[PDB]
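Worksheet: the structure to be examined is printed underneath.
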Amino acid sequence: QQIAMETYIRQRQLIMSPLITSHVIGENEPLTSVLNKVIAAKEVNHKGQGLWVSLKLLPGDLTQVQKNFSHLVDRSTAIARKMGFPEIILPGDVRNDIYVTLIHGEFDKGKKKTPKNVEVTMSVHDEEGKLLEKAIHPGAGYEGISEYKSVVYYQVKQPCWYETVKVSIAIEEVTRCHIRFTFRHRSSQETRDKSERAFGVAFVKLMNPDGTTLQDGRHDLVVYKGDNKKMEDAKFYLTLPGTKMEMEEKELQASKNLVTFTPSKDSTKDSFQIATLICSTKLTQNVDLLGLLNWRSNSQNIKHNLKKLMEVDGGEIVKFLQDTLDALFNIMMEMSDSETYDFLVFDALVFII
């Protein structure tokens, strides 16, 4: 219903700093023109699910799940291509909009006939074991340390208990700290001194071993359970990534290779999807950091992986071209660098402009 105008006072009381009713947002007239043309109309929500959004998303919520998760600000930012960008993109701190879709996962004991549901306990720690109090992991709008009291739906026990994850983190911290898949049961009994605790956790690999960051590609992650002493430190999980890569390329085809640890396969569903969305700035397809100095070969043209590379690196391609031209091998240098690097630049920076 309609009432008198009080936007500015409430806005500045929310922000608690001297702003203006439209100084925070410039209304981006051409950008919002194109946005109202394609996105800000019904179309992106048309493609959200099925025919439309109000009378069709509710049946989806009632049957299996609603798409209310996976906030849209990531996609709106990643397609709209706003103007007021900072220069602290790659160094300093990340955009803090990274969101990974934890589609499924459960703490099903298996031995017990009736599964007991436990919400995800985002226990944040370090390689050395730093506390990581309310100051570090929260601050982006995520207080999920207290997410507990899991009650099953009326029909199916399988669906997980995942929600929005928001982290305000820096490059040094993402280099250092680590997080675990803890599941502490919040039973009806008030006392938490019983033996209903988490039987195991799994750590999160923030950067791939070759130097690549988190990736959007589908890599379901499992957990490994056991005594608390073998996972209270980080070295044991540091040397055991517990990812899909080691199950085949490490010659770990036999599931009994681990002395005590057991993957979730044939134990619990634990389909932990990884999705480094387009809004992220650390996306990496081919490892450019070797391309700087320790480049084994010119495998970055035939296997260039011609994806975006939105220039958050700060001049990687042109500096590498400068060094390669200094090398003075032969024609293939120039032909490759031209026809791939300026290919990508003239195919992405055009939309950037």
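For the structure tokens, the naming scheme is as follows: chains receive sequential letters (A, B, ...) according to their order of presentation, residues are indexed from 1 within each chain, and ligands are indexed from 1 in presentation order.
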Please return, as an NGL selection string, all residues of stretch 135-277 of chain A that DSSP assigns to alpha helix (DSSP H) on the basis of the backbone.
:A and (171-176 or 235-238 or 244-248)
Surrounding residues of stretch 56-64 of chain A excluding itself and chain neighbours under 2 positions, 12 Å, only C-alpha atoms, as a list in words:
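After dropping sequence-adjacent residues, the list is residues 45, 46, 47, 48, 49, 50, 51, 52, 53, 54, 66, 67, 68, 69, 103, 153, 154, 155, 156, 157, 158, 159 and 160 of chain A.
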Please dump the current selection as a PDB file, in the first residue's frame; keep N, CA, C and O atoms.
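Listing of result13.pdb after writing:
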```pdb
ATOM      1  N   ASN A  45      13.835 -14.118 -16.084  1.00  0.00           N
ATOM      2  CA  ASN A  45      12.980 -14.885 -15.198  1.00  0.00           C
ATOM      3  C   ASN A  45      12.116 -15.884 -15.961  1.00  0.00           C
ATOM      4  O   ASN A  45      11.803 -16.946 -15.412  1.00  0.00           O
ATOM      5  N   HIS A  46      11.768 -15.601 -17.223  1.00  0.00           N
ATOM      6  CA  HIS A  46      11.157 -16.634 -18.058  1.00  0.00           C
ATOM      7  C   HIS A  46      12.041 -17.873 -18.112  1.00  0.00           C
ATOM      8  O   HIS A  46      11.563 -19.002 -17.957  1.00  0.00           O
ATOM      9  N   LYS A  47      13.338 -17.676 -18.328  1.00  0.00           N
ATOM     10  CA  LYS A  47      14.265 -18.795 -18.412  1.00  0.00           C
ATOM     11  C   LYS A  47      14.719 -19.282 -17.045  1.00  0.00           C
ATOM     12  O   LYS A  47      15.489 -20.246 -16.978  1.00  0.00           O
ATOM     13  N   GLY A  48      14.278 -18.636 -15.963  1.00  0.00           N
ATOM     14  CA  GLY A  48      14.544 -19.177 -14.639  1.00  0.00           C
ATOM     15  C   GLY A  48      14.066 -20.608 -14.490  1.00  0.00           C
ATOM     16  O   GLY A  48      14.837 -21.498 -14.124  1.00  0.00           O
ATOM     17  N   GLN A  49      12.791 -20.855 -14.789  1.00  0.00           N
ATOM     18  CA  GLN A  49      12.262 -22.219 -14.849  1.00  0.00           C
ATOM     19  C   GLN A  49      10.938 -22.204 -15.592  1.00  0.00           C
ATOM     20  O   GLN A  49      10.006 -21.505 -15.179  1.00  0.00           O
ATOM     21  N   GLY A  50      10.853 -22.972 -16.675  1.00  0.00           N
ATOM     22  CA  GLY A  50       9.598 -23.228 -17.354  1.00  0.00           C
ATOM     23  C   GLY A  50       8.952 -21.988 -17.945  1.00  0.00           C
ATOM     24  O   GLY A  50       9.615 -21.051 -18.405  1.00  0.00           O
ATOM     25  N   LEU A  51       7.615 -21.991 -17.932  1.00  0.00           N
ATOM     26  CA  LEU A  51       6.848 -20.936 -18.590  1.00  0.00           C
ATOM     27  C   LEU A  51       7.031 -19.591 -17.897  1.00  0.00           C
ATOM     28  O   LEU A  51       7.351 -18.589 -18.547  1.00  0.00           O
ATOM     29  N   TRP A  52       6.835 -19.543 -16.585  1.00  0.00           N
ATOM     30  CA  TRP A  52       6.943 -18.277 -15.864  1.00  0.00           C
ATOM     31  C   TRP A  52       7.413 -18.555 -14.438  1.00  0.00           C
ATOM     32  O   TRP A  52       7.976 -19.615 -14.149  1.00  0.00           O
ATOM     33  N   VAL A  53       7.182 -17.594 -13.549  1.00  0.00           N
ATOM     34  CA  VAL A  53       7.954 -17.474 -12.321  1.00  0.00           C
ATOM     35  C   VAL A  53       7.109 -17.585 -11.056  1.00  0.00           C
ATOM     36  O   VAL A  53       7.623 -18.041 -10.021  1.00  0.00           O
ATOM     37  N   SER A  54       5.830 -17.216 -11.081  1.00  0.00           N
ATOM     38  CA  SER A  54       5.026 -17.179  -9.866  1.00  0.00           C
ATOM     39  C   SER A  54       4.197 -18.442  -9.665  1.00  0.00           C
ATOM     40  O   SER A  54       4.246 -19.047  -8.590  1.00  0.00           O
ATOM     41  N   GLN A  66      12.908 -25.324  -4.795  1.00  0.00           N
ATOM     42  CA  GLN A  66      12.783 -24.020  -5.427  1.00  0.00           C
ATOM     43  C   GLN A  66      14.162 -23.478  -5.786  1.00  0.00           C
ATOM     44  O   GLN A  66      15.150 -23.734  -5.094  1.00  0.00           O
ATOM     45  N   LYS A  67      14.222 -22.721  -6.885  1.00  0.00           N
ATOM     46  CA  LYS A  67      15.459 -22.111  -7.362  1.00  0.00           C
ATOM     47  C   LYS A  67      15.796 -20.805  -6.643  1.00  0.00           C
ATOM     48  O   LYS A  67      16.552 -19.993  -7.188  1.00  0.00           O
ATOM     49  N   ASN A  68      15.246 -20.589  -5.445  1.00  0.00           N
ATOM     50  CA  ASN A  68      15.495 -19.353  -4.710  1.00  0.00           C
ATOM     51  C   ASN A  68      16.964 -19.192  -4.339  1.00  0.00           C
ATOM     52  O   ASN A  68      17.438 -18.064  -4.165  1.00  0.00           O
ATOM     53  N   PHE A  69      17.695 -20.295  -4.205  1.00  0.00           N
ATOM     54  CA  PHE A  69      19.127 -20.221  -3.964  1.00  0.00           C
ATOM     55  C   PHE A  69      19.833 -19.679  -5.209  1.00  0.00           C
ATOM     56  O   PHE A  69      19.209 -19.380  -6.232  1.00  0.00           O
ATOM     57  N   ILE A 103      24.476 -28.720  -4.080  1.00  0.00           N
ATOM     58  CA  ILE A 103      23.159 -29.221  -4.465  1.00  0.00           C
ATOM     59  C   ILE A 103      22.658 -30.261  -3.471  1.00  0.00           C
ATOM     60  O   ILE A 103      21.484 -30.249  -3.079  1.00  0.00           O
ATOM     61  N   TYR A 153      11.741 -32.920   5.691  1.00  0.00           N
ATOM     62  CA  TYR A 153      10.481 -32.618   5.034  1.00  0.00           C
ATOM     63  C   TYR A 153       9.487 -33.755   5.270  1.00  0.00           C
ATOM     64  O   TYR A 153       9.795 -34.777   5.889  1.00  0.00           O
ATOM     65  N   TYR A 154       8.269 -33.573   4.757  1.00  0.00           N
ATOM     66  CA  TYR A 154       7.202 -34.530   5.020  1.00  0.00           C
ATOM     67  C   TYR A 154       7.404 -35.861   4.304  1.00  0.00           C
ATOM     68  O   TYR A 154       6.850 -36.873   4.747  1.00  0.00           O
ATOM     69  N   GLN A 155       8.166 -35.891   3.211  1.00  0.00           N
ATOM     70  CA  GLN A 155       8.261 -37.098   2.398  1.00  0.00           C
ATOM     71  C   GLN A 155       9.670 -37.660   2.288  1.00  0.00           C
ATOM     72  O   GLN A 155       9.882 -38.843   2.585  1.00  0.00           O
ATOM     73  N   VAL A 156      10.648 -36.857   1.872  1.00  0.00           N
ATOM     74  CA  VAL A 156      11.943 -37.364   1.428  1.00  0.00           C
ATOM     75  C   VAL A 156      13.037 -36.861   2.360  1.00  0.00           C
ATOM     76  O   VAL A 156      13.088 -35.670   2.684  1.00  0.00           O
ATOM     77  N   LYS A 157      13.910 -37.779   2.783  1.00  0.00           N
ATOM     78  CA  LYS A 157      15.068 -37.447   3.605  1.00  0.00           C
ATOM     79  C   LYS A 157      16.264 -36.988   2.778  1.00  0.00           C
ATOM     80  O   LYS A 157      17.135 -36.287   3.306  1.00  0.00           O
ATOM     81  N   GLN A 158      16.314 -37.357   1.498  1.00  0.00           N
ATOM     82  CA  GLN A 158      17.513 -37.130   0.693  1.00  0.00           C
ATOM     83  C   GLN A 158      17.934 -35.668   0.546  1.00  0.00           C
ATOM     84  O   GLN A 158      19.144 -35.401   0.652  1.00  0.00           O
ATOM     85  N   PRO A 159      17.045 -34.699   0.285  1.00  0.00           N
ATOM     86  CA  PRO A 159      17.518 -33.338  -0.002  1.00  0.00           C
ATOM     87  C   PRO A 159      18.342 -32.745   1.133  1.00  0.00           C
ATOM     88  O   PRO A 159      18.096 -32.995   2.315  1.00  0.00           O
ATOM     89  N   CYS A 160      19.338 -31.947   0.749  1.00  0.00           N
ATOM     90  CA  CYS A 160      20.306 -31.370   1.674  1.00  0.00           C
ATOM     91  C   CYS A 160      19.712 -30.141   2.360  1.00  0.00           C
ATOM     92  O   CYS A 160      18.502 -29.900   2.330  1.00  0.00           O
TER      93      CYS A 160
END
```
With distances taken over only C-alpha atoms, which of A:232, A:216, A:147, A:128 is nearest to residue A:276?
A:216
Stretch 129-220 of chain A: which residues are strand (DSSP E or B) by DSSP, as an MDAnalysis selection string?
chainID A and resid 170 177:182 200:201 203 207 213
Could the residues in this selection be saved with N, CA and C atoms as a PDB file, in the first residue's frame?
```
ATOM      1  N   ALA A 170      40.540 -12.432   1.645  1.00  0.00           N
ATOM      2  CA  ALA A 170      41.656 -11.830   0.929  1.00  0.00           C
ATOM      3  C   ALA A 170      42.492 -12.906   0.246  1.00  0.00           C
ATOM      4  N   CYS A 177      44.062 -20.159   4.742  1.00  0.00           N
ATOM      5  CA  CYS A 177      43.032 -20.802   5.548  1.00  0.00           C
ATOM      6  C   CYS A 177      42.370 -21.957   4.793  1.00  0.00           C
ATOM      7  N   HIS A 178      41.593 -22.747   5.536  1.00  0.00           N
ATOM      8  CA  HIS A 178      40.860 -23.884   4.989  1.00  0.00           C
ATOM      9  C   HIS A 178      39.575 -24.088   5.784  1.00  0.00           C
ATOM     10  N   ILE A 179      38.607 -24.748   5.149  1.00  0.00           N
ATOM     11  CA  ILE A 179      37.277 -24.946   5.713  1.00  0.00           C
ATOM     12  C   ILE A 179      36.924 -26.426   5.611  1.00  0.00           C
ATOM     13  N   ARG A 180      36.028 -26.882   6.489  1.00  0.00           N
ATOM     14  CA  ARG A 180      35.714 -28.299   6.619  1.00  0.00           C
ATOM     15  C   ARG A 180      34.212 -28.547   6.505  1.00  0.00           C
ATOM     16  N   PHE A 181      33.864 -29.772   6.092  1.00  0.00           N
ATOM     17  CA  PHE A 181      32.472 -30.235   6.043  1.00  0.00           C
ATOM     18  C   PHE A 181      32.107 -30.882   7.375  1.00  0.00           C
ATOM     19  N   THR A 182      31.772 -30.040   8.348  1.00  0.00           N
ATOM     20  CA  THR A 182      31.344 -30.517   9.655  1.00  0.00           C
ATOM     21  C   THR A 182      29.828 -30.669   9.689  1.00  0.00           C
ATOM     22  N   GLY A 200      33.102 -37.183  10.794  1.00  0.00           N
ATOM     23  CA  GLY A 200      34.196 -36.826   9.913  1.00  0.00           C
ATOM     24  C   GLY A 200      33.873 -35.569   9.134  1.00  0.00           C
ATOM     25  N   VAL A 201      34.935 -34.957   8.603  1.00  0.00           N
ATOM     26  CA  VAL A 201      34.840 -33.749   7.796  1.00  0.00           C
ATOM     27  C   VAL A 201      35.735 -33.907   6.576  1.00  0.00           C
ATOM     28  N   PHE A 203      38.042 -31.230   3.797  1.00  0.00           N
ATOM     29  CA  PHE A 203      38.517 -29.872   3.590  1.00  0.00           C
ATOM     30  C   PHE A 203      38.185 -29.399   2.177  1.00  0.00           C
ATOM     31  N   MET A 207      42.692 -23.561  -4.201  1.00  0.00           N
ATOM     32  CA  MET A 207      43.435 -23.445  -5.448  1.00  0.00           C
ATOM     33  C   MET A 207      43.878 -24.826  -5.906  1.00  0.00           C
ATOM     34  N   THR A 213      42.818 -21.740  -9.916  1.00  0.00           N
ATOM     35  CA  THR A 213      41.908 -21.439  -8.823  1.00  0.00           C
ATOM     36  C   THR A 213      40.689 -22.360  -8.901  1.00  0.00           C
TER      37      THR A 213
END
```
Quick one: residues within 12 Å of residue A:126, only C-alpha atoms, excluding same-chain residues fewer than 4 positions away - as a ChimeraX atom specification?
/A:130-133,136-137,172-180,203-206,232-235,237-238
Hey, can you check how far atom CA of residue A:144 sits from atom CA of residue A:78?
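If I compute the distance from atom CA of residue A:144 to atom CA of residue A:78, I get 25.4 Å.
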Which neighbours of residue A:109 fall inside 12 Å, counting only C-alpha atoms, when residues of the same chain fewer than 2 positions from it are skipped, and could you give them as an mmCIF file with N, CA, C and O atoms, in the first residue's frame?
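Output file selection_8.cif follows:
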```cif
data_model
loop_
_atom_site.group_PDB
_atom_site.id
_atom_site.type_symbol
_atom_site.label_atom_id
_atom_site.label_comp_id
_atom_site.auth_asym_id
_atom_site.auth_seq_id
_atom_site.Cartn_x
_atom_site.Cartn_y
_atom_site.Cartn_z
ATOM 1 N N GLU A 106 24.476 -35.264 2.795
ATOM 2 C CA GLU A 106 23.792 -35.674 4.013
ATOM 3 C C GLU A 106 24.777 -36.349 4.954
ATOM 4 O O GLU A 106 25.831 -36.840 4.539
ATOM 5 N N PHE A 107 24.408 -36.366 6.237
ATOM 6 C CA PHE A 107 25.150 -37.046 7.291
ATOM 7 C C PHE A 107 24.538 -38.402 7.631
ATOM 8 O O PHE A 107 24.523 -38.805 8.799
ATOM 9 N N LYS A 111 24.342 -47.261 9.039
ATOM 10 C CA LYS A 111 24.088 -48.381 9.939
ATOM 11 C C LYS A 111 22.718 -48.256 10.595
ATOM 12 O O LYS A 111 21.996 -49.250 10.738
ATOM 13 N N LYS A 112 22.347 -47.046 11.003
ATOM 14 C CA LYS A 112 21.024 -46.822 11.570
ATOM 15 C C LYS A 112 19.959 -46.932 10.486
ATOM 16 O O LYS A 112 20.152 -46.482 9.353
ATOM 17 N N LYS A 113 18.828 -47.544 10.843
ATOM 18 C CA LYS A 113 17.751 -47.735 9.877
ATOM 19 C C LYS A 113 17.154 -46.405 9.434
ATOM 20 O O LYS A 113 16.866 -46.212 8.248
ATOM 21 N N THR A 114 16.963 -45.476 10.371
ATOM 22 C CA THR A 114 16.351 -44.191 10.067
ATOM 23 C C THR A 114 17.427 -43.124 9.957
ATOM 24 O O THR A 114 18.139 -42.876 10.944
ATOM 25 N N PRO A 115 17.595 -42.483 8.801
ATOM 26 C CA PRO A 115 18.586 -41.407 8.696
ATOM 27 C C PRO A 115 18.225 -40.229 9.588
ATOM 28 O O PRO A 115 17.052 -39.917 9.803
ATOM 29 N N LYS A 116 19.257 -39.571 10.113
ATOM 30 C CA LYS A 116 19.105 -38.355 10.899
ATOM 31 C C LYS A 116 19.784 -37.210 10.164
ATOM 32 O O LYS A 116 20.976 -37.291 9.846
ATOM 33 N N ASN A 117 19.030 -36.148 9.901
ATOM 34 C CA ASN A 117 19.520 -35.038 9.100
ATOM 35 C C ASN A 117 20.310 -34.061 9.957
ATOM 36 O O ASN A 117 19.937 -33.767 11.096
ATOM 37 N N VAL A 118 21.418 -33.573 9.403
ATOM 38 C CA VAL A 118 22.258 -32.573 10.048
ATOM 39 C C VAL A 118 22.573 -31.483 9.033
ATOM 40 O O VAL A 118 22.990 -31.780 7.907
ATOM 41 N N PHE A 183 29.358 -31.696 10.406
ATOM 42 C CA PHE A 183 27.925 -31.963 10.572
ATOM 43 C C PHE A 183 27.684 -32.331 12.035
ATOM 44 O O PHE A 183 27.755 -33.505 12.408
ATOM 45 N N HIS A 185 25.071 -32.646 15.045
ATOM 46 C CA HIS A 185 23.633 -32.857 15.150
ATOM 47 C C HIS A 185 23.053 -32.035 16.293
ATOM 48 O O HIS A 185 23.548 -32.086 17.423
ATOM 49 N N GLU A 196 26.716 -37.940 19.614
ATOM 50 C CA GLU A 196 26.053 -37.701 18.340
ATOM 51 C C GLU A 196 26.801 -36.694 17.473
ATOM 52 O O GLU A 196 26.193 -36.078 16.589
ATOM 53 N N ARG A 197 28.099 -36.520 17.703
ATOM 54 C CA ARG A 197 28.873 -35.490 17.028
ATOM 55 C C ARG A 197 29.148 -35.884 15.576
ATOM 56 O O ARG A 197 28.663 -36.899 15.067
ATOM 57 N N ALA A 198 29.942 -35.054 14.904
ATOM 58 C CA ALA A 198 30.326 -35.324 13.526
ATOM 59 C C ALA A 198 31.358 -36.443 13.477
ATOM 60 O O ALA A 198 32.371 -36.401 14.183
ATOM 61 N N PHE A 199 31.100 -37.447 12.639
ATOM 62 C CA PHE A 199 32.010 -38.573 12.492
ATOM 63 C C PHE A 199 33.159 -38.281 11.537
ATOM 64 O O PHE A 199 34.109 -39.069 11.480
ATOM 65 N N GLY A 200 33.102 -37.183 10.794
ATOM 66 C CA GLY A 200 34.196 -36.826 9.913
ATOM 67 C C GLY A 200 33.873 -35.569 9.134
ATOM 68 O O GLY A 200 32.712 -35.163 9.013
ATOM 69 N N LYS A 225 35.572 -39.906 6.837
ATOM 70 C CA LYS A 225 35.221 -39.921 8.249
ATOM 71 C C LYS A 225 36.146 -40.851 9.024
ATOM 72 O O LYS A 225 36.720 -41.797 8.478
ATOM 73 N N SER A 264 32.484 -41.099 0.161
ATOM 74 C CA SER A 264 31.039 -41.129 0.358
ATOM 75 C C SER A 264 30.334 -42.087 -0.594
ATOM 76 O O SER A 264 29.192 -42.474 -0.323
ATOM 77 N N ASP A 266 28.770 -45.156 -2.184
ATOM 78 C CA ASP A 266 28.198 -46.325 -1.513
ATOM 79 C C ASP A 266 28.125 -46.148 0.003
ATOM 80 O O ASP A 266 27.937 -47.123 0.738
ATOM 81 N N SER A 267 28.284 -44.916 0.486
ATOM 82 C CA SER A 267 28.086 -44.579 1.891
ATOM 83 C C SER A 267 27.015 -43.518 2.078
ATOM 84 O O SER A 267 26.121 -43.684 2.917
ATOM 85 N N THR A 268 27.079 -42.430 1.314
ATOM 86 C CA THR A 268 26.075 -41.377 1.357
ATOM 87 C C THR A 268 26.121 -40.629 0.032
ATOM 88 O O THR A 268 27.068 -40.766 -0.746
ATOM 89 N N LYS A 269 25.078 -39.835 -0.220
ATOM 90 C CA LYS A 269 24.944 -39.176 -1.516
ATOM 91 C C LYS A 269 26.042 -38.133 -1.731
ATOM 92 O O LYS A 269 26.836 -38.246 -2.673
#
```
Excluding stretch 324-340 of chain A and its own-chain neighbours fewer than 5 positions away, which residues fall within 8 Å of it when counting only C-alpha atoms? Please give them as an NGL selection string.
:A and (301 or 304 or 306)
Could you write out the selected residues, including N, CA and C atoms, as a short mmCIF file (atom, residue, chain, number, x, y, z; two decimals), in the first residue's frame?
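Below is the file out22.cif, written as the result:
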```cif
data_model
loop_
_atom_site.label_atom_id
_atom_site.label_comp_id
_atom_site.auth_asym_id
_atom_site.auth_seq_id
_atom_site.Cartn_x
_atom_site.Cartn_y
_atom_site.Cartn_z
N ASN A 301 48.17 -22.49 -27.76
CA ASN A 301 47.47 -22.13 -28.99
C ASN A 301 46.64 -23.28 -29.52
N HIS A 304 44.61 -23.74 -26.54
CA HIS A 304 44.58 -22.40 -25.96
C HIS A 304 43.51 -22.25 -24.88
N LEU A 306 40.15 -21.03 -25.25
CA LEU A 306 39.95 -19.67 -25.72
C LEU A 306 38.90 -18.90 -24.91
#
```
Could you please determine the separation between atom CA of residue A:271 and atom CA of residue A:102 in Å, to one decimal place?
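These two atoms are separated by 7.4 Å.
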In Å, how far is it from atom CA of residue A:104 to atom CA of residue A:162?
7.8 Å
May I ask which of the residues A:1, A:167, A:129, A:290 is the closest one to residue A:143, counting only C-alpha atoms?
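Smallest separation from residue A:143 among the options: A:167.
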So which one's closest to residue A:212, A:100, A:289, A:247, A:277? Using only C-alpha atoms, please.
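Residue with the minimum atom-to-atom distance to residue A:212: A:289.
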Nearest-residue call for residue A:70, choices A:245, A:165, A:145, A:318, using only C-alpha atoms:
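Smallest distance to residue A:70 is found for A:165.
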A:279, A:259, A:317, A:223: which is nearest residue A:76, counting only C-alpha atoms?
A:279
Give the answer as one residue: which of A:72, A:83, A:38, A:88 has the shortest atom-to-atom distance to residue A:312, using only C-alpha atoms?
A:88
Write out as a ChimeraX atom specification which residues come within 12 Å of residue A:32 when counting only C-alpha atoms, dropping same-chain ones fewer than 2 positions away.
/A:25-30,34-41,76,79-83
Limited to N, CA, C and O atoms, could you put the picked residues into a file as a tab-separated table (two decimals), in the first residue's frame?
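Full text of part-v3.tsv as output:
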```
chain	number	residue	atom	x	y	z
A	25	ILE	N	24.02	4.92	-6.52
A	25	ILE	CA	23.71	4.29	-7.80
A	25	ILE	C	23.38	5.40	-8.80
A	25	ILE	O	22.49	6.21	-8.56
A	26	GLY	N	24.09	5.41	-9.93
A	26	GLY	CA	23.91	6.41	-10.96
A	26	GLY	C	22.84	6.12	-11.98
A	26	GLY	O	22.69	6.89	-12.94
A	27	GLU	N	22.11	5.01	-11.83
A	27	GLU	CA	20.95	4.62	-12.64
A	27	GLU	C	21.35	4.17	-14.03
A	27	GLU	O	20.51	3.62	-14.76
A	28	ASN	N	22.61	4.37	-14.41
A	28	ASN	CA	23.25	3.74	-15.57
A	28	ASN	C	22.33	3.69	-16.79
A	28	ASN	O	21.95	2.62	-17.27
A	29	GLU	N	21.98	4.88	-17.28
A	29	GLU	CA	20.90	5.00	-18.26
A	29	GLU	C	21.09	4.16	-19.52
A	29	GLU	O	20.15	3.45	-19.90
A	30	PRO	N	22.24	4.17	-20.21
A	30	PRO	CA	22.37	3.28	-21.37
A	30	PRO	C	22.44	1.81	-20.98
A	30	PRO	O	21.83	0.95	-21.63
A	34	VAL	N	19.73	-1.14	-22.20
A	34	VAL	CA	19.92	-2.47	-22.78
A	34	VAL	C	19.42	-3.55	-21.83
A	34	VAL	O	18.87	-4.57	-22.25
A	35	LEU	N	19.60	-3.33	-20.52
A	35	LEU	CA	19.14	-4.31	-19.54
A	35	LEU	C	17.62	-4.45	-19.55
A	35	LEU	O	17.10	-5.56	-19.53
A	36	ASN	N	16.89	-3.33	-19.60
A	36	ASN	CA	15.44	-3.40	-19.72
A	36	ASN	C	15.04	-3.96	-21.08
A	36	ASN	O	13.94	-4.52	-21.21
A	37	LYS	N	15.90	-3.82	-22.09
A	37	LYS	CA	15.62	-4.44	-23.38
A	37	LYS	C	15.59	-5.97	-23.28
A	37	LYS	O	14.62	-6.60	-23.71
A	38	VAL	N	16.63	-6.57	-22.71
A	38	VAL	CA	16.82	-8.02	-22.76
A	38	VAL	C	16.58	-8.68	-21.40
A	38	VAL	O	15.83	-9.65	-21.29
A	39	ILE	N	17.23	-8.18	-20.35
A	39	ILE	CA	17.25	-8.87	-19.06
A	39	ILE	C	16.19	-8.34	-18.12
A	39	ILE	O	15.41	-9.11	-17.55
A	40	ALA	N	16.11	-7.02	-17.93
A	40	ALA	CA	15.25	-6.46	-16.89
A	40	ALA	C	13.77	-6.61	-17.21
A	40	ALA	O	12.93	-6.29	-16.35
A	41	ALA	N	13.42	-7.07	-18.40
A	41	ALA	CA	12.06	-7.51	-18.68
A	41	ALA	C	11.89	-8.92	-18.12
A	41	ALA	O	12.70	-9.40	-17.31
A	76	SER	N	23.69	-10.92	-12.87
A	76	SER	CA	23.44	-9.54	-13.27
A	76	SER	C	24.73	-8.75	-13.37
A	76	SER	O	24.95	-8.01	-14.33
A	79	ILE	N	26.88	-10.07	-16.50
A	79	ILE	CA	26.40	-9.77	-17.84
A	79	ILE	C	26.25	-8.27	-18.07
A	79	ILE	O	26.59	-7.76	-19.14
A	80	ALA	N	25.76	-7.53	-17.06
A	80	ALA	CA	25.52	-6.11	-17.24
A	80	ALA	C	26.82	-5.35	-17.49
A	80	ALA	O	26.84	-4.39	-18.26
A	81	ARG	N	27.91	-5.78	-16.86
A	81	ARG	CA	29.23	-5.15	-17.03
A	81	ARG	C	29.18	-3.67	-16.63
A	81	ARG	O	29.31	-2.76	-17.44
A	82	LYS	N	28.98	-3.48	-15.32
A	82	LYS	CA	28.89	-2.16	-14.73
A	82	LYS	C	30.16	-1.34	-14.98
A	82	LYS	O	31.18	-1.85	-15.45
A	83	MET	N	30.08	-0.05	-14.66
A	83	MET	CA	31.15	0.90	-14.97
A	83	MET	C	32.11	1.12	-13.81
A	83	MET	O	33.33	1.07	-13.99
```
